[PDB]
Amino acid sequence: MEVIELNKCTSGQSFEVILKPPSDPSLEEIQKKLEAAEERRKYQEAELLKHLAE
Amino acid sequence: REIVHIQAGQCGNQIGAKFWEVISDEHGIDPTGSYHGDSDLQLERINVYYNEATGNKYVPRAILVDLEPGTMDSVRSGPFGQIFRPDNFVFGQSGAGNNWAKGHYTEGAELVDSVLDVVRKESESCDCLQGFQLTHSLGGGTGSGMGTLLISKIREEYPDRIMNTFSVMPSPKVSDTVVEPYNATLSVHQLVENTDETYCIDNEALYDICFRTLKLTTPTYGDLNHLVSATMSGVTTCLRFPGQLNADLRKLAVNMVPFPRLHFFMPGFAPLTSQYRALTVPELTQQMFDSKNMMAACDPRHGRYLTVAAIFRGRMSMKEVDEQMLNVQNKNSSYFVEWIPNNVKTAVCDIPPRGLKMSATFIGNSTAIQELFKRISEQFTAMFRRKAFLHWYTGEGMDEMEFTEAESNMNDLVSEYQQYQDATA
Amino acid sequence: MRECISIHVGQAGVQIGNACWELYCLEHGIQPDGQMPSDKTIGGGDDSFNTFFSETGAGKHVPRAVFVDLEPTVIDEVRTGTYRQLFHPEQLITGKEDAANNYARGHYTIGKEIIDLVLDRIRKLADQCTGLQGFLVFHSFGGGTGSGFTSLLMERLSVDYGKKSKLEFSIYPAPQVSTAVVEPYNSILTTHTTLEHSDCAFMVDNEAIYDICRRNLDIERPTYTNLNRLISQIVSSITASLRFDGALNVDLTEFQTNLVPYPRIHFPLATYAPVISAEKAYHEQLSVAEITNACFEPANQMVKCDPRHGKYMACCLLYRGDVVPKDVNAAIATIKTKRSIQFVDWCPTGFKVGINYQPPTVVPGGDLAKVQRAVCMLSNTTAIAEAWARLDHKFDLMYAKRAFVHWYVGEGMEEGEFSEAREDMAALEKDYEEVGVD
Amino acid sequence: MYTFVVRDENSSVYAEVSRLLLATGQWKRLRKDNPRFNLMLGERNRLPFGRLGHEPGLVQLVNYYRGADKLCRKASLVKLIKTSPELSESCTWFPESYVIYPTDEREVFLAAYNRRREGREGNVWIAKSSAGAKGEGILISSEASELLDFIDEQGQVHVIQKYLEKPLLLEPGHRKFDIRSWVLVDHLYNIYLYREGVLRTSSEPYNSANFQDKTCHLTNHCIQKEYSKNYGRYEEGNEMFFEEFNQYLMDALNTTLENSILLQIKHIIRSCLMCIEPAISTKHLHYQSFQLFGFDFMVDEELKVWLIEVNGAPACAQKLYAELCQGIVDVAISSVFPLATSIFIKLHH
Ligand SMILES: Nc1nc2c(ncn2[C@@H]2O[C@H](COP(=O)(O)OP(=O)(O)OP(=O)(O)O)[C@@H](O)[C@H]2O)c(=O)[nH]1
Ligand SMILES: Nc1ncnc2c1ncn2[C@@H]1O[C@H](COP(=O)(O)OP(=O)(O)CP(=O)(O)O)[C@@H](O)[C@H]1O
Ligand SMILES: Nc1nc2c(ncn2[C@@H]2O[C@H](COP(=O)(O)OP(=O)(O)O)[C@@H](O)[C@H]2O)c(=O)[nH]1
Ligand SMILES: COc1cccc(-c2cc(NCc3ccc4c(c3)OCO4)nc(N)n2)c1
Ligand SMILES: [Ca+2]
Ligand SMILES: [Ca+2]
Ligand SMILES: [Ca+2]
Ligand SMILES: [Ca+2]
Ligand SMILES: [Mg+2]
Ligand SMILES: [Mg+2]
Ligand SMILES: [Mg+2]
């Protein structure tokens, strides 16, 4: 059970004690998929407004 | 977040009026529109249902519709009659004679445009419009026929706003005409497609309650509307009064409607009133789950609950409500779907309704509501297989196939309800 | 000195942010007006508390914070609150209608109409950062804004700030304090899309805070106020090493280094002791060993699980107030003998420790009693996978019937993002099992 | 009333426990996967322990101890004994045993094997598994390598255990036997031993040189009911209860069952279950556990008791299902969920 890397100061101290040793997507493809879901919405609203026109 | 209220037809306007009587008294506003209350909580969420006007007065955000002036002359006459902005009285003269076709296609179409003009002028003066609510019956002509017509027109102008209704179902025990099953079936199909929440207020249940338990020998439309106004207030308190809920019409819809077409709730209320004995919290909860307190004449035990919501009003132990609510769920856990986890949600508001120190409002989305549609559907076919009374409708332009489809659509709805009643994990 | 910017998203994130910054001020001696009498470097400086506050020519100390809700009711209470003077308006951002507990409405529909603005108000703070470290993002799993908009934000911070660290403080959903049944959906979708954009996330199960508040504060039905002041004490001890002189976890990088060997598995379990009621007029103050061994009772954890039936990968102990290294080793030695603390074979069986001598500061009039010494333990144990399992199960149940799915599709999402996201946590749940069983 | 579910249909014991609880009038059974339960009677493998104790306002209890497999699976049983100071390399009641993989103890085993070959000691041995049911995959040789290749014959792990050459043999018959004891641990880690046990007899006469014989040596209930002529002669079902075994020892050997054996049994039970108490106790957990264990022993001719194994999903003897299952309810269940002498010996600690 070793103690190591003891660093201290006026606010406190720190250390480590060992008990035993071991044995991203684009900008354009985001704001495209934000846009691919915007049109999926406007298509659903168009089918409604088309339905209501019927 | 403002709401726009519409009441159409005789029934729609008289329950609508009682609603404004009730909450206007709860928020402390007098029949003149002048506030004279004791608490600031009465006014914090007053913009939901009231426009603030010159000189400190509050005017309901309400539109009154009928195809004849009879009862809207009576509304203007009633207790809180002069509370309503007079421009919002919109009426024809010929009446609809209990005819869905007249309200939806001929007499009503002539007037619908005028109504939505008032809708627009209330909306334009809305910081952020939250949605609409309608009060109406489904067995007459104006509230049914025209009412569902306006809803279709409102979904066209405001396709992304919530549309909820308080809908009175017709029952023979409280019948005006024999054609009611026709008008109600034609309306239900409209409500299936273009509303987010419909509170099924069955005049059968309202009758049974008024006579069996309240022991009133001969119930009047007034006695049945006392139950409606108390429930309409109980439901609307999640928004009308400041909890520490961030209650939004859309949000509430999201948390109670698992499938778009299955948005027909059974209302309930406790204690049932027409006394002084304080009511225990254990007694409040066991009553609201008993079918005898249901406004929809269906047994909850021949179906299963998709979602539930319980509103408790008054000063009580939020720990005793949690205790006994979670208790009833196990007296009845066979009747809650197991594939929607934690589908029973509870809300509390400190201010009670006038006359009772403690109250509870029950909002249930049960697959047992099909019993109501099966009932309407049988009465419908009983006459339609003989084309009885159809001449009243075919004379206004409709064809038999519009009837066949409307019948088919709700037999479909009933089937959809029983798909999820047998379904398991 | 290197700055860190906090971002609070949705109701839960904002209200918690409010509670944390309240405490930060009490700790650093900052007043509700932004004035720090004990600060002598007027209008500037590179102290360690300057990592979280900036200074104005007039001596004002301003949080490097950004609040954002899609509806104004909650951030309005901040703009009228006790610390109204602390923030300046450009930091508080409000929409008009919220995401209604709908991940799709928060991420796609309402998200895209406000994402550019938020990022602009974020960069108005990073432009005053000499050497920026990264971000600490507060948000709920269940809210539609908390889940939906956060994942959109975290996606574009990884491009507009690709080299900066991002730590999460996430509220895992509990039905005892929640009025929403679709929260399992929202939590799965946000975790899946956020996972490879967060370097380290501390998740707090409201269930655990609730029962802690009930058990050890004897408050019968806790409020959000009860829950948040306790939550911020934990958060406070976790960030204290960034705001104070020290040698451990002085940089958001050290959080991943000391606590996260495999990137996907970056959800450390937090345990905190002691929680004592302020109504208990006076109390037998607990030793070092008593509070340190309390770090292994599941009843003090932020997520209820059983670390005996998992294996550890890393462990920090962050004592606050009045502790000395030798009383800690005394405690640690006694604990190994009586507890089941198994580490993965490819990692040391050790404890990184940090002490700051300032005792825990507590809100005047709060529900927490002042203590002489407290500790927060940060354990990366595989046993936290229990929380994923619970969530994933409730997800399987509803989705098998497609319940509530129409609400998300109607806002633009595709039914496939559901199974795509559920497949991810299927891998995550098995990644944990690979690491912590034989 | 109280709520419970059933997720192990093939469980002989908790079958009557469920039925006896229904007759209470205070317990309601629900479907297998309804989560609003007060009691779970769960599956034997992959029981979802992580899903319990998270239902608001419902105290949950389950009939299994997470972590108990480290005692009820022979490979980990051995590892638990030699690795734990509480039991130790130095363990007098557990046979010499080694875990061998087809971490591994292959040549620590033959080391001890020829130290016995050397000195003419009995180099009796046997290799085992928890995988083979119905007495399948057993092998009692006297030379070392004949089993090591029968071991890697198959792809799963098998322990190698010193076989007990000099067992105590009842008369008339010169027959072998093993003793099964049922122990119940409730939610507070009270160790309750069932006063009734069973001797799972062999009806063969025992033969030292003839380990060819499948049934001369192995005593469990199925290997002598479908592999042996002599099933049922001396006692019904190759099952002798504690009253007869006591009187026989009295008449035959001038001693008692308590003195000669039961004291050692109670010592082994409590020694094993408290070795692991820190790793499985549910004292301060959000859910609580109990579990019925079946402890199997053997007695050599010096009246010394040896532990052979521990079983986690155990079956009872058909005469006592009524008395035992009733005791579970009184102690493990209604102790937590109360209603409107004792058959157990408390092993205190
Ligand atoms: N700990 C804690 N949890 C909260 C708090 N507020 C809300 N929650 C939890 O978060 C969930 C609700 O999410 P919200 O944060 O309110 O939703 P949102 O982020 O504002 O997004 P919207 O859906 O648009 O309103 C519930 O499960 C609550 O339990 C809070 O102040 N503290
Ligand atoms: N070291 C040993 N010496 C002598 N006999 C032994 C022995 N190990 C095992 N046996 C014999 O093997 C028989 C059964 O072995 P074991 O009980 O371990 O298999 P098992 O677990 O599949 C049956 P159950 O599950 O019903 O207890 C015992 O009755 C015992 O007589
Ligand atoms: N509860 C209630 N129902 C009513 C009332 N008036 C009418 N109804 C119902 O509606 C039917 C009559 O429809 P009505 O409202 O007059 O239709 P409309 O006026 O033409 O739109 C009957 O079946 C009644 O049950 C009322 O005041 N209260
Ligand atoms: C015209 O239509 C209206 C007008 C006003 C209110 C409602 C309404 C109330 C309600 N109350 C129960 C409830 C559920 C979840 C909750 C909750 C309260 O508090 C937080 O989470 N539920 C629903 N679905 N609609 C409908
Ligand atoms: Ca005309
Ligand atoms: Ca016009
Ligand atoms: Ca300074
Ligand atoms: Ca990154
Ligand atoms: Mg009429
Ligand atoms: Mg919100
Ligand atoms: Mg076995």
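Distance between the pseudo-spin-label points of C:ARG402 and D:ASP300 (7 Å out from Cα toward the beta carbon): 7.0 nm.
Toward the positive end of the charge dipole of the stretch B:369-425, with +1 on the Cβ of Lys and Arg and -1 on the Cβ of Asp and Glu, the farthest Cα among B:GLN418, B:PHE384, B:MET401 is that of B:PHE384. Backbone phi angles across the stretch B:341-351, fed through the Karplus curve with coefficients 6.51, -1.76 and 1.60 (θ = phi - 60°), yield HN-Hα couplings of x, 6, 9, 10, 10, 10, 10, 9, 9, 6, 6 Hz in residue order; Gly and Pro are listed as x.
With 10 angstrom as the radius, rank D:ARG270, D:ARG46, B:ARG250 by how many other C-beta atoms surround their C-beta, starting from the fewest. Please report the intermediate quantities before stating the final value.
On the way: D:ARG270 17, D:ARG46 7, B:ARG250 23.
Sorted ascending by nearby Cβ count, the order is D:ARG46, D:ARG270, B:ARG250.
Pairs exceeding 25 Å between alpha-carbon atoms, taken from C:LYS96/C:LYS124; C:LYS311/C:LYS370; B:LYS331/C:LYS304: C:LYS311/C:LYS370; B:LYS331/C:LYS304. Could you tell me the calculated FRET efficiency between D:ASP251 and D:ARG46, based on Cβ-Cβ distance and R0 = 56 angstrom, to the nearest 0.05? E(calc), rounded to 0.05, equals 0.65. When both bridge partners sit in the stretch B:1-258, DSSP labels roughly 20% of those beta bridges antiparallel. Annotation note: chymotrypsin sites (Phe, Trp or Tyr not before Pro) in the stretch B:275-357 located in DSSP loop regions with a Cβ neighbour count of at most 13 within 10 Å are B:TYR276.
Let me confirm one metric for peptide B:246-259, namely the mean number of other chain beta-carbon atoms within 10 Å of its residues' beta-carbons.
Values: counts 10, 1, 7, 1, 9, 10, 4, 2, 12, 10, 2, 4, 10, 6.
Mean partner shielding for this stretch: 6.
In order along the stretch C:317-323, phi translates into HN-Hα couplings of 10, 10, 7, 10, x, 10, 8 Hz, rounded to whole numbers, per the Karplus curve 6.51 cos²θ - 1.76 cosθ + 1.60 with θ = phi - 60° and x for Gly and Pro. Computed over neighbours whose Cβ is under 10 Å from that of C:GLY45, the net charge equals -3, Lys and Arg +1, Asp and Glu -1.
Give me the net charge for the shell around B:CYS11: Cβ to Cβ below 12 angstrom, other residues only, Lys and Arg +1, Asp and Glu -1.
Numbers: positive: B:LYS18; negative: B:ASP66, B:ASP176, B:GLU180.
So the environment of B:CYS11 carries a net charge of -2.
Remark on D:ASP186: its backbone amide H falls under 5 Å from those of D:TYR192, a criterion applied only to residues 5 or more positions apart or on other chains, H modelled at 1.01 Å from N. Among B:165-171, B:136-142, the peptide with the highest mean count of other Cβ atoms within 10 Å heads the list, and the full ranking is B:136-142, B:165-171.
With helices as the sole contributors, chain C gives -11500 deg cm²/dmol at 222 nm; each DSSP H run of n ≥ 4 counts as -39500 (n - 2.57), and the sum is divided by every residue.
Looking at chain C, the DSSP beta bridges with both ends there are about 40 percent antiparallel. Of all beta bridges that DSSP places with both ends in the protein assembly as shown, some 55 percent have antiparallel geometry.
On average, how much area does the Cα convex hull of the protein assembly as shown cover when viewed from any direction, in nm²? Numbers along the way, then the final one.
Values: hull surface 230.0 nm².
Over all viewing directions, the protein assembly as shown projects a mean Cα-hull area of 57.5 nm².
What number, rounded to the nearest 500 deg cm²/dmol, is the helix-based mean residue ellipticity at 222 nm of chain B, given -39500 (n - 2.57) per DSSP H run of at least four residues and division by all its residues? Don't skip to the end; give the middle numbers.
Values: 15 runs with 175 residues, N = 425.
Taken over chain B, the calculation gives -12500 deg cm²/dmol.
Near D:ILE179: Cβ cut-off under 11 Å, other residues only, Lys/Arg at +1 and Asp/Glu at -1. The net charge is 0.
About the centre of its Cα atoms, the stretch C:126-248 shows a dipole size close to 180 debye [charges on the beta carbon of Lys, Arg (+1) and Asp, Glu (-1) only; nearest 20 debye].
For the stretch C:1-268, taking Cα atoms only, Rg and Dmax work out to 17.6, 52 Å respectively. The GluC sites (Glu not before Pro) found in the stretch D:226-324 that occupy coil by DSSP, while having at most 13 further C-beta atoms within 10 Å, are D:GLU226, D:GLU236, D:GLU301, D:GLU302.
Put simply, the amide H of D:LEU39, placed in the peptide plane, has neighbours under 5 Å in D:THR3, D:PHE4, D:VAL5, D:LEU61, leaving out anything fewer than 5 places away on its chain. Each of B:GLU338, A:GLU29, C:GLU411 has some number of other Cβ atoms within 10 Å of its Cβ, and from fewest to most they run A:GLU29, B:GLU338, C:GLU411. For the listed peptides C:159-167, C:374-382, a ranking on the average number of other beta carbons within 10 Å per residue, highest first, reads C:374-382, C:159-167. Here A:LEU48 and A:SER23 are evaluated by their C-beta separation; at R0 = 56 Å the FRET efficiency comes out at 0.35.
Pairs with C-alpha atoms separated by more than 29 Å, drawn from the list B:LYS319/B:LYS357; B:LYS57/B:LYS153; B:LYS153/B:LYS345; D:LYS162/D:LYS346; A:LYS42/C:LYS394; C:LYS338/D:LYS162, are B:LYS57/B:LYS153; B:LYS153/B:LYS345; D:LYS162/D:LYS346; A:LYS42/C:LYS394; C:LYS338/D:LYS162. Phi angles of the stretch B:356-369 translate, via the Karplus equation with coefficients 6.51, -1.76, 1.60 and θ = phi - 60°, into HN-Hα couplings of 9, 6, 8, 8, 9, 10, 10, 10, x, 10, 9, 6, 6, 4 Hz per residue; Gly and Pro are given as x. By the beta-carbon count within 10 Å of each Cβ, the least crowded to most crowded order of B:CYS238, A:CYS9, fewest first, is A:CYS9, B:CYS238.
Put simply, when D:132-145, C:388-401 are sorted by average Cβ atoms within 10 angstrom per residue, most first, you get C:388-401, D:132-145.
Cβ coordinates were reconstructed from backbone atoms using ideal geometry, including for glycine residues, and neighbour counts include every protein chain displayed. Only the coordinates and a few stated rules stand behind these numbers; no lab work does.
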